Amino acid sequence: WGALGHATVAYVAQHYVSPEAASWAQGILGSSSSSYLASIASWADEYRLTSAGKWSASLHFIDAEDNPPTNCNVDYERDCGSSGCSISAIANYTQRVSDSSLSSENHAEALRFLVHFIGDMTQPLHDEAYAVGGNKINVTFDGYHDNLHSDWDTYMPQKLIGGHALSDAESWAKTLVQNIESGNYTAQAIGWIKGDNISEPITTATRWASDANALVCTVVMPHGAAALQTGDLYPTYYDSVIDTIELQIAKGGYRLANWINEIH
């Protein structure tokens, strides 16, 4: 996800963290603001744009080597790779935030990374190798020449909401929260975190990856890529996927809240 998506996942998480957990994260982040998690949700993307951070680019995704749309599957040892992936990064930093030998700012870095990666994992193209996670699939959306990946990360979410300011993410999170507590997602919500255990970060994260990867075959490119490079994707393709985007942003937020609560 782009900026709006990351901030939204964070605001949703802020709603579900216990009051005690919310004070430990605020202490660790050195900020007691109303946007304590949301304001740093995109830090990892800014970091990879620096020479110091270039090494971390591969942590934002897992290139599942499957065969969409026929067969979608994730395999940790087959797909993670030599330079790490989102799954190994979840394990690394879950352990580092609560390590007593590390420094305060080592803890702040780990938390900032967790806030980000738990969200990135729900974007289906972040769990798929094909065409470089869809970046090579050139398409037309709303009259513009984008690529599949950027449409899922940024353009479709912004088409729905209308902007990427923190205030936009705050309002989107509000509707999502309503739906989880008293709406369409209420019955589903518990299944999003069922089984998640901080003492089993690899098994847990692989589960999150498989859940998102399955959508590549059924929703992202159910009829191959050639079917997507031929007309404008709005409104027909847009209409068929926008419900899934909201669902994935909500899962990220709910899972992040529960992860922080368990760690605390």
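Numbering starts at 1 and runs along the sequence shown.
- Mean CA temperature factor is higher for 10-18 when stretches 248-256 and 10-18 are set side by side in the entry.
- Mean CA B-factor, 137-145 versus 105-113: the higher value falls on 105-113.
- Going by the entry's values, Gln229 shows the largest Cα B-factor out of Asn213, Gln229, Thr236, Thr218.
- When the C-alpha B-factors of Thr206, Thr50, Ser42, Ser58 are read from the PDB record, the largest value belongs to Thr50.
- Among the modelled residues of the chain, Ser150 sits in the lowest third by CA temperature factor in this PDB entry.
- The PDB entry assigns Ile118 a C-alpha temperature factor belonging to the lowest third of its chain's modelled residues.
- Ranked by Cα temperature factor within the chain, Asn73 sits in the middle third according to the deposited record.
- Sort the chain's modelled residues by C-alpha temperature factor and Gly84 lands in the middle third, per the entry.
- For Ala187, the recorded CA temperature factor ranks within the highest third of the chain's modelled residues.
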